[PDB]
Amino acid sequence: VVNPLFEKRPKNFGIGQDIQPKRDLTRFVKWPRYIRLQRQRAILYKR
RNA sequence: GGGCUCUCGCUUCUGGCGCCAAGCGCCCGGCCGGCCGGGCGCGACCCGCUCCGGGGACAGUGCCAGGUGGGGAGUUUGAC
Ligand SMILES: [Mg+2]
Ligand SMILES: [Mg+2]
């Protein structure tokens with residue numbers, strides 16, 4: 001029944017091994033000046 | 001099988017290649033147990049409040065006060 005051709009082909013997201021995937025980067029975004037403002041406004045209000 | 005600490009998370013003989021996902025699970029869409037065409041998530045751990053670091057309540061900026069200042073400006077440099 002099974003085809004010998006269907007090999008399972010894992011990828012190595014190691015250092016240098018293979019190129020890395022497009023994962024979520026919201027924490028490091030260069031936000032516009034209005035957003036960065038209102039956020040660190042609320043933070044000052046806390047501090 | 002259990003507690004504790006640290007490390008790692010897989011690359012050092014060579015002038016090479018390396019993108020646009022494999023696989024699995026779970027869903028169902030048309031046709032007729034089989035065919036054609038679709039979707040999500042694991043695979044690629046979870047949560048957060050400042051992009052990362054270094055300084056830092058001092059440099060610094062604004063206003064007064066003393067000083068220094070032919071680098072520069074203005075003027076003078078007697079009479080018989
Ligand atoms: Mg002067
Ligand atoms: Mg004059």
# chains A, B, ... in the order shown; residues from 1 in each chain; ligands from 1
$ residues_near_ligand --ligand "ligand 1" --cutoff "10 Å" --atoms "only C-alpha atoms (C1' of nucleotides) and all ligand atoms" --output "list in words"
residues 69, 70, 71, 72 and 73 of chain B
$ interface_residues --of "chain B" --to "chain A" --cutoff "10 Å" --atoms "only C-alpha atoms (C1' of nucleotides)" --output "list in words"
residues 9, 10, 11, 18, 19, 21, 22, 23, 24, 43, 44, 49, 50, 51 and 52 of chain B
$ select_by_dssp --residues "chain A" --states "helix (DSSP H, G or I)" --output "NGL selection string"
:A and (26-28 or 33-46)
$ write_last_selection --atoms "C-alpha atoms" --output "PDB file, in the first residue's frame"
ATOM      1  CA  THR A  26       6.036  42.038  17.102  1.00  0.00           C
ATOM      2  CA  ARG A  27       8.296  42.672  20.086  1.00  0.00           C
ATOM      3  CA  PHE A  28      11.026  44.316  17.968  1.00  0.00           C
ATOM      4  CA  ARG A  33       5.879  57.900  16.648  1.00  0.00           C
ATOM      5  CA  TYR A  34       2.283  58.141  17.802  1.00  0.00           C
ATOM      6  CA  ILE A  35       2.038  54.572  18.982  1.00  0.00           C
ATOM      7  CA  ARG A  36       5.386  54.545  20.677  1.00  0.00           C
ATOM      8  CA  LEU A  37       4.189  57.663  22.402  1.00  0.00           C
ATOM      9  CA  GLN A  38       0.854  56.601  23.790  1.00  0.00           C
ATOM     10  CA  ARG A  39       2.359  53.373  25.045  1.00  0.00           C
ATOM     11  CA  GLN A  40       5.216  54.832  26.946  1.00  0.00           C
ATOM     12  CA  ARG A  41       2.793  57.431  28.188  1.00  0.00           C
ATOM     13  CA  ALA A  42       0.753  54.881  30.009  1.00  0.00           C
ATOM     14  CA  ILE A  43       4.021  53.483  31.282  1.00  0.00           C
ATOM     15  CA  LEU A  44       5.137  56.814  32.713  1.00  0.00           C
ATOM     16  CA  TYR A  45       1.740  57.082  34.335  1.00  0.00           C
ATOM     17  CA  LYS A  46       2.585  53.795  36.051  1.00  0.00           C
TER      18      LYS A  46
END
